[PDB]
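Both backbone and side-chain heavy atoms feed into the values below; hydrogens, waters and symmetry mates do not. Each chain gets a letter, A, B and so on, in the order its sequence line appears, and its residues count up from 1.
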There are 2 protein chains.
Amino acid sequence: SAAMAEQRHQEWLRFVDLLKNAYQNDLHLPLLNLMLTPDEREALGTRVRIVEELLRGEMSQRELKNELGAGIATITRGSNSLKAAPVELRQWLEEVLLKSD
Amino acid sequence: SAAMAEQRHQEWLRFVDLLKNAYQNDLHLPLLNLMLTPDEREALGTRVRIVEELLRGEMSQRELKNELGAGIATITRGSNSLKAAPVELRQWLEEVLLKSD
């Protein structure tokens with residue numbers, strides 16, 4: 001639904017503002033368990049590792065499937081989205097994932 | 001993987017602590033676009049509505065599929081997780097989704 005991308009954008013921002021508010025309340029853990037599936041939480045964990053490793057540049061896409069157990073399409077998309085990422089984010093992720101904290 | 005639930009729990013907490021940090025940096029929008037698919041962001045939007053409506057108690061499960069366009073299994077799980085939710089969260093969601101802000 002390209003036609004209804006605006007509604008869908010609004011609906012998404014609602015979720016981000018709710019989570020926002022839960023983090024300031026320390027209710028973020030319960031909210032996240034409520035909103036997401038185990039499957040989804042597992043995936044997110046694994047997406048962190050992909051980005052960390054794409055930022056690292058040491059591993060090849062296939063080593064990445066083997067050592068991380070993430071499907072190739074997840075890697076490819078993870079690759080695409082990072083490039084589209086604003087520089088400011090990229091710098092920050094480097095800082096945190098590969099400068100650690 | 002029940003056996004590796006602990007590793008998977010740790011990997012999840014990493015993502016929550018990263019997001020945490022992005023919200024305090026105002027880098028939460030870009031991070032979320034990076035980590036999640038359109039599909040996933042659409043779903044989350046839609047999960048908010050399910051919870052709001054389950055809290056409302058006016059609609060039946062099937063009206064819920066029809067007016068919200070969410071699969072029955074999503075509703076059923078959304079139902080199950082809310083019951084398992086800590087009272088403190090439940091109160092808060094009532095406050096926010098049905099007391100609004």
Q. Would you say B:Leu64 and B:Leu55 are hydrophobically clustered, going by side-chain heavy atoms of ILVMFWY under 4.5 Å?
A. yes
Q | Under 4.5 Å from any heavy atom of chain A - which part of B:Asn80 | A | neither
Q) Given a strict heavy-atom distance threshold of 4.5 Å, which part of A:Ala5 is in contact with chain B: side chain, backbone, both, or neither? A) neither
Q.
Only pairs of heavy atoms separated by less than 4.5 Å count here; which of B:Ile50, B:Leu31, B:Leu82, B:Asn25 has the most with chain A?
A. B:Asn25
Q: Would you please classify the geometry between the A:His28 ring and the A:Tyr23 ring as parallel, tilted or perpendicular, with 30° and 60° separating the classes?
A: parallel
Q) Which heavy atom in A:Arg14 sits nearest to a heavy atom in B:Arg49, and how many Å separate them? A) NE-NH1, 2.6 Å
**Q.** Spacing of B:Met59 atom CE and B:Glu52 atom CD [to the nearest 0.5 Å]
**A.** 12.0 Å
(Q) For chain A, which candidate among B:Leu18, B:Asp17, B:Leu29 shows the most heavy-atom pairs at distances under 4.5 Å? (A) B:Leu18
Q: Please flag which part of B:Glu40 lies under 4.5 Å from any non-hydrogen atom of chain A: side chain, backbone, both or neither.
A: side chain
Q: Identify which part of A:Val96 has an atom lying under 4.5 Å from any heavy atom of chain B, answering side chain, backbone, both or neither.
A: side chain
Q: Kindly say whether A:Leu36 contributes a backbone atom to a donor-acceptor pair with the side chain of A:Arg41 at under 3.5 angstrom?
A: yes
Q. Between B:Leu97, B:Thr46, B:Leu13, B:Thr37, which residue shows the highest count of heavy-atom pairs closer than 4.5 Å to chain A?
A. B:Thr37
(Q) Check this for me, if you would: do A:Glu11 and A:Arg8 make a salt bridge, where the nitrogen-to-carboxylate-oxygen distance has to be below 4.0 angstrom? (A) yes
Q | Closest non-hydrogen atom pair between A:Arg77 and B:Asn33, with its separation | A | NH2-O, 3.0 Å
Q: Under 4.5 Å heavy-atom distance to chain B, tell me which part of A:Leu93 shows up: side chain, backbone, both or neither.
A: side chain
(Q) So which residue, A:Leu34, A:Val48, A:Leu89, ends up with the most heavy-atom pairs under 4.5 Å with chain B? (A) A:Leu34
Q. What part of A:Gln24 lies closer than 4.5 angstrom to a heavy atom of chain B: side chain, backbone, both or neither?
A. neither
Q | SB check A:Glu53 A:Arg56 (cutoff 4.0 Å) | A | no
Q: Among A:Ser81, A:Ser1, A:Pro86, A:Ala84, single out the residue with the greatest number of heavy-atom pairs under 4.5 Å to chain B.
A: A:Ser81
